[PDB]
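Chains, contacts and geometry: an overview
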Amino acid sequence: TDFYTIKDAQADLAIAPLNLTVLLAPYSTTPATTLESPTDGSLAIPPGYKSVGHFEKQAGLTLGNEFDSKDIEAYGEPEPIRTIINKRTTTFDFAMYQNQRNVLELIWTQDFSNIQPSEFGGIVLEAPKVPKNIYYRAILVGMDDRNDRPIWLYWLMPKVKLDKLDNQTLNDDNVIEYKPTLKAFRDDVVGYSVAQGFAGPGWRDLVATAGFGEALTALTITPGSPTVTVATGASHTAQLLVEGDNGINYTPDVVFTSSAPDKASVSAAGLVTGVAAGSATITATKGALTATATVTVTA
Amino acid sequence: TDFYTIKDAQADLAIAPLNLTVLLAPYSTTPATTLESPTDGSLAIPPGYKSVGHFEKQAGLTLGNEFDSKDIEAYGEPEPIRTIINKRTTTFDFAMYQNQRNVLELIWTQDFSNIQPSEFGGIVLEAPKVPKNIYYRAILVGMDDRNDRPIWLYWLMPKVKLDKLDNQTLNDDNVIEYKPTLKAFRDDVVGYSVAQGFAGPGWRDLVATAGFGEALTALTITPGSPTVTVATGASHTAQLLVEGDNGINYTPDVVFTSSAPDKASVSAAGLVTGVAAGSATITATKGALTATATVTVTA
Amino acid sequence: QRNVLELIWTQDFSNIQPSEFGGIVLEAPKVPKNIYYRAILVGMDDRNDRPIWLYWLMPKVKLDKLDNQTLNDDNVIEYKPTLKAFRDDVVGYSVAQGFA
Amino acid sequence: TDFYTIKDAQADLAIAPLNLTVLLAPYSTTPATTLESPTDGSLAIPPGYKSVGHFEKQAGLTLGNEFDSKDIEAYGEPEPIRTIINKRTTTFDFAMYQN
Amino acid sequence: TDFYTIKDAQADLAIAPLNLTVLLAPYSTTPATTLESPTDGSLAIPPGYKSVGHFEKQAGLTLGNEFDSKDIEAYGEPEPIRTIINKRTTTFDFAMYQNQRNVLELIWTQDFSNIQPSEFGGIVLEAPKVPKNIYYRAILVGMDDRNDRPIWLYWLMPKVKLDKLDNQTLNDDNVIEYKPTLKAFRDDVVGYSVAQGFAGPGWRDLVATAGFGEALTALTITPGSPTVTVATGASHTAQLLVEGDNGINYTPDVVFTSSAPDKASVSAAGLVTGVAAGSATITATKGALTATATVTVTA
């Protein structure tokens, strides 16, 4: 066995967040559990999460993790007999550009929903008597677009608070930047302080390689023998569903073909419509994996 | 839903302070509450506020916000059960150029209003025996000129005090700079320490987008059916006011047209003067939104 | 991949099952776990098609530190952990350097 | 439509400065607003502007324009979201003979 | 196989822009999707695009493309594992001669629409206090004539902006020149920054050779059995239409003949007019291909 086989390096698993956005929601909003829509796996932001818009490219977004722990030392032991890790504090910072309502609410620790613009649109935002402890739910979601197969990787922080505010420098050749450092706290309802998740058509290919689940070896069609009516109606169309040995819906990844197009009409999605009564064979093929189904069409 | 729809990035909301000025006023002056003139929304500096003139471009104007908070930690809780934020310290610094009375008064912490120039204009400004605690009111107003529609964004600090004075370096190829770092304190009568406000014709367009108020959907002409006299007099002219569903006066933004110019004369501002007796229709149109009014002209 | 995320999150993700469309969610644990790994750091020096494999054997390592993670639109995401090697009683050493 | 009609080329709009003069006036002089006389439209130079005479033909007169702008770059945007053009510096040079 | 067959050189595919024009339109104009007229395939410029006229022959027109990419390097890999290409900047420049409105507006970053000539026709164009960000839509269309079969090849740039302005040297024996370098940006409405296109009867003869689509192997007449009345009326004449398997209309390229001129008269265009009632044969011949249709003429 040579060195490169032992290395087992996969360049595709390296994900670059080509685009990124941060969505903040008020603490009354139900926290998001996953960003994958159950219908088709598309990106589905839960209601109540509103983006903060553009932010500085050069500064980017900085995530920081800090452990605080106490080590118990016994006599004659060079190394601790037990280490008690109290907490893993997570923070993140970036440089917002847009001067919208939620950005100013976050940087001022105030609820400006009751602020009404004057007769000519002029508004005045007053800092509170003492800063308030306001908690938000944050979704940091980024898209890596490779071969038109995006990978959406997101950080879910169900309870964040404004930890720090950097100095605000005003220049006549630069836009005004708000640079908050937000600390994520543990939320009891969901039971975590921060979660990292992956989704998308691109990640469906690499989920087997990355080590989550089992490798795709067999391809199966769930409605193997459907019966379709020639006449128009609710039961005149039957939607196929293709799965793998590891339980992942591979329907968007497979290619659908019909042995006899006239007897049954199949699309790229996998819908089956029986134009003419008879026997048809619908084959879903992805790579070297092939699944076959038989459709009977009755007028 | 694709990524860019979720991101919802508005490049217009990014405001760059192309021009900036700082106006200091003595503590006896009534603090400013808003910089928007009630008459037409123009920039209106209250009396007593005098500018400090030019300041260094490269140094710019630095705004700093600091939090001092004490966290209450209970047994068995990695994160504090309650955090108490005592105050939010706000400071700002910049490098003044002009050697005028107010700049020297601020840097020297002295009242030079009683200083009388000598026979040939020479003056001598003595530092006080002990530094005085002098409080000023500060307006930091900046204009972003985009498409001849300026946005004036301002910081109102009703009670500031000189906190620091940076080293003063004299060079034969550079002007003399005064670099004060001013700290803003809470003012009891107005109820805030620092306030951030936006105004101007440019900001009126972005009020709806920024999230303050409600989006503009319908336009209404409040004097829908006015009657105007042919003959000259005080009641020979009538001013039209156009408003929106969100209560913002959109008169400068709309375009005025007259059905028959001879019957009633309308200008860009919205004034209606009845040249000839009869019925006229005045239409105010902004974008795709339109409002109509009928004017009856009686000799 | 799975092992890198387990190392950086101090959690066992072997029980994580991908969703219907391959999407996964990895939750940080309530409290960080003390997880120990065995590390082999093996390097090849290929000279005249006669490679030299020199390796560091650390039979018991633990995640000591995690550096800041910076996200940029023109760079991939890097995980930068500092791992501390501990004494292992069964083998009798904390770190061993070998050549072959 | 043939290509020539779409081109809409006109040789009459190509203006060649067959003769050229530079006139310098002290800062106290009232700046010129236009060089056409309101009486007849002829070339009328305001008083105080004194010409510098001949200058070298080979060098001619060179006019340069430079822009100093800063581009605001936002995350995920290959092109800047806003370009702030500070100034447009105009310079010109020539080689005078007359002392 | 000899070298000449392997090389497969086609001297006809070399296109030389014998004539070139640049057309600039204001940003409010609808961007051009194609320069091919759907009615006949001739060069049809969308309204609002006004040509800049003559420009310098010796300098010509220069198009430049630059790539800004970052290479992700990994330990032990001599070559990068992933190259992240950010943008493809396209620019173009040329030396305008004409002193017209659009040229001066482009070079001065100003709009002179409201500039009114004085009593004697004189005008004064004042440069703006600060240069404005004005965007244009550009069409760079060139014509190559070969055996009276022109080829129009064009570059569409939906969003161009002034980037550089070269030095402007005045000579007593040379006309005045303006040398702007324009950078093409990305327009989200159309989804591209630059698009290269080809059209014209000359191109139609080279579509198959160039590799876009399949070659022409069969010819077909869509009105196989048209009916034309002897009596004058709307349905007196029927226009033929020749197509191929590749999907390209070859009607202008084919030659129409009629077996019996008295029964039906056909021209080079392909229109069929029924002069005498009876059966006629219309044959369209192009190269080695022929298409036959039968026309029945009823009185």
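Just above, that's the structure.
**Here's the deal with the side chain of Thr181 of chain E**
Residues and elements named next belong to chain E. Note on placement: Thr181 falls in strand β8 (residues 180–184). Using a relative accessible area of 5% as the deciding quantity, one classes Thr181 as buried. Within the structure, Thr181 has its side chain in polar contact with the side chain of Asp93 (distance 3.4 Å). Not counting residues up to four positions away in its chain, the partners in contact with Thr181 are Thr91, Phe92, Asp93, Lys161, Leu162, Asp163 and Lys164.

**Structural notes on the interface of chain B and chain A**
With 65 residues of chain B in contact, the opposing surface of chain A contributes 58 residues. Applying the counting rule to chain B against chain A returns one salt bridge. Summed over the shared surface of chain B and chain A, the result is 24 residue pairs in polar contact. The set of elements that each furnish at least two residues to the side of chain B that touches chain A consists of α1 (3–7), β3 (61–72), β4 (82–94), β6 (151–165), β8 (195–199) and α3 (201–210) of chain B. In terms of residues, the side of chain B that touches chain A owes the most to one element, β3 of chain B, which gives six residues. Residues of the side of chain B that touches chain A, tallied by class, amount to 32 nonpolar, 22 polar and eleven charged. Alignment of strand β5 (residues 123–126) of chain A against β8 of chain B, held across four bridges, turns out to be antiparallel. In the strand pairing of β8 of chain B, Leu125 of chain A is matched with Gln196 of chain B.

**Regarding the environment of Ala208 of chain E**
All names here are of chain E. The topology assignment puts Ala208 in helix α4 (residues 207–210). Residues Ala208 and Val228, 20 residues apart in the sequence, show an inter-C-alpha distance of 35 Å. Among all residues touching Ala208, those that are not within four sequence positions of it are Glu214, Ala215 and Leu216.

**Here's the deal with the side chain of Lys7 of chain B**
With respect to the helices, strands and loops of the structure, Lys7 of chain B is situated in helix α1. Lacking a salt bridge, the buried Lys7 of chain B has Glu77 of chain D as its closest oppositely charged neighbour, with an N-O distance of 6.0 Å. In this view, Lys7 of chain B contacts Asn19, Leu20, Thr21, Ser51, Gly53, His54 and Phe55 of chain A together with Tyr75 of chain D; residues no more than four positions away in its chain are not counted.

**What to know about the pattern of salt bridges**
This model, assessed by the stated rule, comprises 38 salt bridges over all chains. One salt bridge in this structure joins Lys183 of chain B and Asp163 of chain B, with 2.5 Å as the shortest N-O distance. Here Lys183 of chain B, found in strand β7 (residues 180–184), pairs with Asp163 of chain B, found in strand β6; they are 20 residues apart in sequence, far enough to count as distant. Through salt bridges with shared partners, a single network forms among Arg149, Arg204, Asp205 and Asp253 of chain A.

**Focus on helix α3 (residues 201–210) of chain A**
Taken across its ten residues, α3 of chain A has seven buried, putting it largely inside the fold. The set of residues buried in α3 of chain A consists of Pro201, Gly202, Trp203, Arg204, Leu206, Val207 and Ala210 of chain A. The inward-facing, buried residues of α3 of chain A contact β7 (151–165) and β10 (195–199) of chain A together with α1 (2–9) and β1 (24–27) of chain C. Trailing α3 of chain A by a residue or two, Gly211 of chain A shows a phi angle of about 105 degrees, which is positive.

**Points about the sheet that holds strand β15 (residues 265–266) of chain E**
Residues and elements named next belong to chain E. Spatial strand order, β12-β16-β15: three strands in an open sheet with antiparallel pairing. Bordering the open sheet on either side are β12 (237–239) and β15, each of which pairs with just one other strand. Pairing of β15 with strand β16 (residues 271–273) involves two bridges; the strand directions are antiparallel. Counterpart to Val266 in the pairing with β16 is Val272.

**Side note on the relation of the copies chain B and chain A**
When chain B is fitted onto chain A, the two copies agree to an RMSD of 0.1 Å after a turn of 60 degrees and an axial shift of 0.0 Å. Considering both components of the superposition, the chain copies are consistent with a six-fold axis. Each copy contacts the other with its own distinct surface, as only 6% of the interface residues of chain B are interface residues in chain A too.

**Some thoughts on the sheet that holds strand β4 (residues 82–94) of chain D**
Pairing within the open sheet is antiparallel, and its three strands lie in the order β4(D)-β3(D)-β7(E). Each edge of the open sheet carries a strand with a single partner, namely β4 of chain D together with β7 (168–170) of chain E. Taking each pair of neighbouring strands and ignoring which way they run, the sheet shows an average axis angle of 10 degrees. Pairing analysis gives three bridges linking strand β3 (residues 61–72) of chain D to β7 of chain E, with the strands arranged antiparallel. By the bridge assignment for β7 of chain E, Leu63 of chain D is matched with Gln168 of chain E.

**Some points on α3 of chain B**
Within α3 of chain B the residues assigned to the buried category are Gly202, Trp203, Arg204, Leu206, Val207 and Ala210 of chain B. Elements in contact with the buried residues of α3 of chain B: α2 (101–108) and β5 of chain A together with β6 and β8 of chain B.

**Notes on unusual backbone geometry**
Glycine aside, negative phi is the norm for most residues, and most peptide bonds take the trans geometry. Residues and elements named next belong to chain C. We note that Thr10 has phi near 50 degrees; this positive angle belongs to a residue other than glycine. In this fold, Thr10 is placed in the loop between α1 and β1. Classification of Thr10 by relative accessible area gives buried; the value is 7%. We note that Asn48 has phi near 55 degrees; this positive angle belongs to a residue other than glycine. Turning to its location among the elements, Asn48 is positioned in the loop between β2 (36–45) and β3 (52–66).

**Notes on the nonpolar core**
Soluble globular proteins tend to pack their nonpolar side chains together in the buried interior. Within the largest apolar cluster, 130 residues are counted, with the highest numbers of intra-cluster contacts made by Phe92, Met157 and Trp203 of chain A together with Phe92, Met157, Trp203 and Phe212 of chain B. The residues contacting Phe92 of chain B, other than those within four sequence positions of it, are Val22, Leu61, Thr62, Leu63, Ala138, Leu140, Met157, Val160, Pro180, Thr181 and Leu182 of chain B. Core analysis: the next-biggest nonpolar cluster, separate from the first, contains 30 residues, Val22 of chain D together with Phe92, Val103 and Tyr136 of chain E among them.

**Points about the packing of aromatic side chains**
Applying the stated criterion to the full structure yields 22 aromatic pairs over all chains. Here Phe92 of chain A and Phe94 of chain A contribute two aromatic rings whose centre-to-centre distance is 5.8 Å and whose plane-to-plane angle is 10 degrees, an arrangement assigned as stacked. Judged on exposure class, the residue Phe92 of chain A and its partner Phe94 of chain A are both buried. Connected via pairs of aromatic rings, a cluster forms that spans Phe55, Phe92 and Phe94 of chain A together with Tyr75 of chain D.

Parameters at a glance
- Residues numbered from 1 in each chain as written, not as in the entry; some residues may be left out.
- Chains lettered and ligands numbered in written order.
- Part of a larger assembly, values for the part shown.
- Heavy atoms only, no water.
- Helix = DSSP H or I, 4+ residues; strand = E, 2+ residues; numbered from the N terminus.
- Buried < 20%, exposed > 50% of the residue type's maximum accessible area, 1.4 Å probe, protein only.
- Polar contact = N/O pair within 3.5 Å; in protein donor to acceptor, adjacent residues only side chain to side chain.
- Contact = heavy atoms within 4.5 Å.
- Salt bridge = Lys/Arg side-chain N within 4 Å of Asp/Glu carboxyl O.
- Nonpolar A, V, L, I, M, F, W, Y, C, P; charged D, E, K, R; others polar.
- Pairing = 2+ DSSP bridges.
- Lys, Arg positive; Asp, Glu negative; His and termini not counted.
- Least-squares fit on C-alpha atoms.
- Axes fitted to C-alpha atoms, helices over the stretch in contact; angles between N-to-C directions.
- Core = buried A, V, L, I, M, F, W, Y, C linked by side-chain atoms within 4.5 Å.
- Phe/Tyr/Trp six-rings, centres within 6.5 Å; stacked < 30°, edge-to-face > 60°.

By themselves, these figures tell us nothing about what the structure is for.
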